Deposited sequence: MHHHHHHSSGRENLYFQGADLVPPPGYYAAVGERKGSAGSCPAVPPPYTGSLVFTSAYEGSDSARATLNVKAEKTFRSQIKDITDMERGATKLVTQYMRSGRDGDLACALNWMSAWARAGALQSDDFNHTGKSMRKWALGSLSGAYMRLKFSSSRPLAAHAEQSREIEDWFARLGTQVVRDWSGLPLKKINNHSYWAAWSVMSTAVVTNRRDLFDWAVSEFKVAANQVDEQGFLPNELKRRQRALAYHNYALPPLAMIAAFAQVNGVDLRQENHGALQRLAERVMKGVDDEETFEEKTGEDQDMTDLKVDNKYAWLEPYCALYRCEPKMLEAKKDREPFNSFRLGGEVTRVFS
């Protein structure tokens, strides 16, 4: 049967157009900060602008908004943007993040019970082929790695692929994302830690928290296509999630494991707990987990397709 997203992505619509950043067709050889931000400017201007044009069409229904979202994505699609075989770790990291954001947003157009795309067949097909080509490329980018190398980058890659899988109806890509999810569930030790993110020393809590959104989104998407991943490695996802919340409350447990006082800069912002939306859709959340969900809504996370609250509701 055809791959589907969670119920929320079938939401009805409602219920000019700036010039498109030059499509990035270059080699993806970037610097991992002011330099980095500048090298990836057209990619950043794309991922934010397209997502916000989708968001605003889904809210407003105005038919110019749709035209503009599809002109933006189909320009990049038609041009073969981010397809290069010349890449470094940072450029392949950028390919998958951009796939992640744009496919996550376009999902709402693709599956809305309004059928916005019924009028835009050609441009829609240009965009789905582009996402499938990028999805096939991401798979190559993060395959044949030993456990020592499999970390947050592989998890977010697996989400970008899953998002692509459902948009393009590609079971090959679905299956890859589920396997990657399985590897990641197995990385979760008896205590709910990921050894590789324990290497991040003072950032190990932040990086543990950064792993939950991709993994929870993959579990949410797998479940609506009949693949329940909630009990993987004795409920590893729930084990990792619980452990992350004990840590954000009480830092000490991570300081004890890493021997290091934890930087709480990336546990500050509300966007960074958006994983509570798909997680509490999957697991019976306790009042400490539902309260953190209640007070920070509604979540906007570009990297997950924008309005995450609206699609888990």
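Enquirer: What ranges of the deposited sequence, counted from 1, have no C-alpha atoms in this structure?
Expert: The deposited sequence has unmodelled segments at 1 to 18, 34 to 39, 57 to 72.
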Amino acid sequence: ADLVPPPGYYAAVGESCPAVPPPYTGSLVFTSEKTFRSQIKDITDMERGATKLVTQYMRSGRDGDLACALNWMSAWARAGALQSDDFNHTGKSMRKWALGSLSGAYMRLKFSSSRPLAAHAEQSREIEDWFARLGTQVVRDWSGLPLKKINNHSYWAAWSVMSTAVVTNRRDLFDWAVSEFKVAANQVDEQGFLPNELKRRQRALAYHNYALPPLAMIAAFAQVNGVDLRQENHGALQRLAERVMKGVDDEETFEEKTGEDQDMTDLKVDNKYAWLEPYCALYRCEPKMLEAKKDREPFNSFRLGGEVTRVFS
From here on, numbers count along this sequence of modelled residues.
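Enquirer: Looking at the entry, does 115 to 123 or 190 to 198 show the higher mean C-alpha B-factor?
Expert: Per the PDB entry, the higher value belongs to 190 to 198.
Enquirer: Given the B-factors recorded for C-alpha atoms, which segment has the greater mean, 220 to 228 or 199 to 207?
Expert: Result: 199 to 207.
Enquirer: Which has the highest CA B-factor per the PDB entry: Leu267, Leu276, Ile43, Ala69?
Expert: Comparing C-alpha B-factors across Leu267, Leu276, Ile43, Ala69, the top value belongs to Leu267.
Enquirer: Go through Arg108, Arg133, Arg95, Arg243 one by one and give the residue whose Cα B-factor in the PDB entry is largest.
Expert: The C-alpha B-factor peaks, among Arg108, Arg133, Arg95, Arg243, at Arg243.
Enquirer: Would you check the entry's CA temperature factor for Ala11 and let me know if it's in the chain's lowest, middle or highest third?
Expert: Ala11: CA B-factor falls in the lowest third of its chain.
Enquirer: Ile150's Cα B-factor: lowest, middle or highest third of the chain?
Expert: Ranked within chain, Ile150 CA B lands in the middle tercile.
Enquirer: Relative to the other modelled residues in the chain, which third contains the C-alpha temperature factor of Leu3: lowest, middle or highest?
Expert: Its C-alpha B-factor belongs to the lowest third of this chain's values.
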